[PDB]
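A short worksheet on the structure shown next.
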Amino acid sequence: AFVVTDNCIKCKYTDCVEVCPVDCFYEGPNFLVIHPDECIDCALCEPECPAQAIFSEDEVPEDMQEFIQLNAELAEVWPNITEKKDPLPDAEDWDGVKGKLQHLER
Ligand code: SF4
Ligand code: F3S
């Protein structure tokens, strides 16, 4: 499975969803997650993220390990997203800010 980590939060560019062959991204207010059962690990999304927030599960940084289980849990509750849309309004002010998990909205 590929995992969306911290830098997506409050950026949510959604470029990633274009390339997904199996449509396994699920949408929240200011973050996207990948559904781990559905992902086929084709890796096509992680060059597409502007925020470089997508990682192969086995490459998630040590200090972002929480995101693996978070993607798994929120994918079960959030709606599927299959079309790219506009980035959040202030997405590049937040692109690169560390510690954005405290801003996640359910
Ligand atoms: S690795 Fe492939 S299947 Fe998994 S979320 Fe990315 S594009 Fe979709
Ligand atoms: S910012 Fe998030 S919405 Fe997709 S393009 Fe990157 S994982």
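Here chain A follows Swiss-Prot for its numbers: 2-107, in order, are the residues you see.
According to its header, this structure was worked out by X-ray crystallography, 1.9 Å.
Cβ coordinates come from backbone N, Cα and C, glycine included.
Per Swiss-Prot, [3Fe-4S] cluster binding site is recorded for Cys9, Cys17, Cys50. Taken from Swiss-Prot, the feature [4Fe-4S] cluster binding site covers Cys21, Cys40, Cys43, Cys46, and the record attributes it to experimental evidence. If you look up Swiss-Prot, you'll see 96-107 marked as compositional bias 'Basic and acidic residues'. According to Swiss-Prot, the feature domain '4Fe-4S ferredoxin-type 1' maps to 2-30, an assignment based on sequence analysis. The feature domain '4Fe-4S ferredoxin-type 2' is assigned by Swiss-Prot to 31-60. As annotated by Swiss-Prot, region 'Disordered' applies to 84-107.
Mapped onto this structure are the features recorded in Swiss-Prot.
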{"residue": "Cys9", "record": "[3Fe-4S] cluster binding site", "CB count, 10 Å": "29"}
{"residue": "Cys17", "record": "[3Fe-4S] cluster binding site", "CB count, 10 Å": "26"}
{"residue": "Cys21", "record": "[4Fe-4S] cluster binding site", "CB count, 10 Å": "20"}
{"residue": "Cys40", "record": "[4Fe-4S] cluster binding site", "CB count, 10 Å": "21"}
{"residue": "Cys43", "record": "[4Fe-4S] cluster binding site", "CB count, 10 Å": "12"}
{"residue": "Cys46", "record": "[4Fe-4S] cluster binding site", "CB count, 10 Å": "22"}
{"residue": "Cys50", "record": "[3Fe-4S] cluster binding site", "CB count, 10 Å": "22"}
Cβ contacts under 8 Å made by the region 'Disordered' (84-107) with residues that lie 6+ beyond its boundaries: 7-8, 10-16, 18-19, 29-32, 51-52, 67, 75, 78
Mind running the binding-site residues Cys9, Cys17, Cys21, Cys43, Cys46, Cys50 against ligand 2 and keeping the ones whose CB falls under 6 Å of it? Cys9, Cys17, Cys50
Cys17 ([3Fe-4S] cluster binding site) versus binding-site residues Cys40, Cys43, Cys46 - nearest by Cα: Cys46
Which residues of the same chain, at least 6 past either end of the domain '4Fe-4S ferredoxin-type 2' (31-60), have a Cβ under 8 Å from a Cβ in it? 2-25, 69, 71-73, 75-76, 79, 82, 88-89, 96-97, 104-106
With DSSP as the reference, give the number of residues of the region 'Disordered' (84-107) in helix, strand and coil. 8 helix, 0 strand, 16 coil
Counting each residue once, how many in the domain '4Fe-4S ferredoxin-type 1' (2-30) are helix, strand and coil under DSSP? 7 helix, 7 strand, 15 coil
Taking the recorded [4Fe-4S] cluster site as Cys21, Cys40, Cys43, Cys46, identify the other residues of that chain whose CB atom sits within 8 Å of the mean position of the site's CB atoms, giving them in sequence order. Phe3, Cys17, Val20, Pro22, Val23, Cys25, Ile35, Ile41, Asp42, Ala44, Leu45
